[PDB]
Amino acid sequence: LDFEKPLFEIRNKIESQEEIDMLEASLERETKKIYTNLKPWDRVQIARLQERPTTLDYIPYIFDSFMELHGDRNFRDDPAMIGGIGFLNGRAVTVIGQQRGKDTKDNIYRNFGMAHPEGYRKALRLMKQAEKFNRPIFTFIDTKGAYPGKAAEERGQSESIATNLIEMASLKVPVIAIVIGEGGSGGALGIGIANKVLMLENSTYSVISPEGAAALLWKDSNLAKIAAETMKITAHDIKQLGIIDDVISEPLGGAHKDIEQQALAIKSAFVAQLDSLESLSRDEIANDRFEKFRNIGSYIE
């Protein structure tokens, strides 16, 4: 990693009498100082780490007896978008999310967690089922945008996403969505129209990639660090704007360092947010979501 260059130079000299003790103590504090005080672009590379925990990593630690359900009753089962039904402290729930892949070969299988339009329709189907049986819906956002190109658009990628947006808007069941990887604009919002939205402290949420922003606005792609800082894509940035409802703590170094530690934190959030929404009935919870997204944005009358 880029910002681990100083940490690399410290432990390079220790692996060559009294220096060793002081350097190793010095490593302890500096490693903390760095990971405790993170710059926005440091957070973007942490979220892009191949080893960052995927949805299927988190589920077993959070939900009891999770059963994957496949397909869109239409065209295909999208590897990149998984879903199913399980339990959360006794109560049946539906779970949905983008699946990033763990190793190289597995990334190829999952199309890096970029959903085709069949993925969004599969997500929709499952949420309609949840609404039907009154199950809460948890979604996991982890995508660098929806799968682009002719083939994708040729099967209604625009429409797959837009339909989700309008159906999610009026879901008469609680929806809680959480960003664990990147939050690729519309691909992310396609399963992100939630009553409460949560983010991992080192995850991303944005209309475009900083590299995209750089090639369009800065007219030079090799300027993504600055674009990212300008774009305000960090968990904290988004929290200040009132777009998300909370930021979850992350283990030192990144969520990938300790999956179980991280997964327990997601459950405590899931549980606590879900308890907000118990007062709300089937009509009232739809209205709650309406009132969240209706009131986002700033203008001058």
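Just count from 1 along the sequence shown to find any residue number.
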#### Entry: Residues of the deposited sequence that sit between residue 17 and residue 16 yet are not modelled
10 or more
### Query
Is the mean CA B factor in the deposited entry higher across 234 to 242 or across 24 to 32?
24 to 32
## Note on the structure
Looking only at C-alpha temperature factors in the entry, 166 to 174 or 199 to 207, the higher average sits in 199 to 207
### Query
Whose C-alpha has the highest temperature factor in the PDB entry: 155, 225, 125, 91?
225
### Query
Out of 64, 42, 68, 57, which residue has the highest Cα temperature factor in the PDB record?
42
### Task
Please rank the C-alpha B-factors of the chain's modelled residues and tell me whether residue 107 sits in the lowest, middle or highest third.
middle
### Task
Grab the CA temperature factor for residue 229 from the record and place it in the lowest, middle or highest third of its chain.
highest
### Message
Please place residue 180 in the lowest, middle or highest third of its chain according to the CA B-factor in the PDB entry.
### Response
middle
### residue 143 CA temperature factor, ranked by third within the chain
middle
### Message
Please place residue 219 in the lowest, middle or highest third of its chain according to the CA B-factor in the PDB entry.
### Response
highest
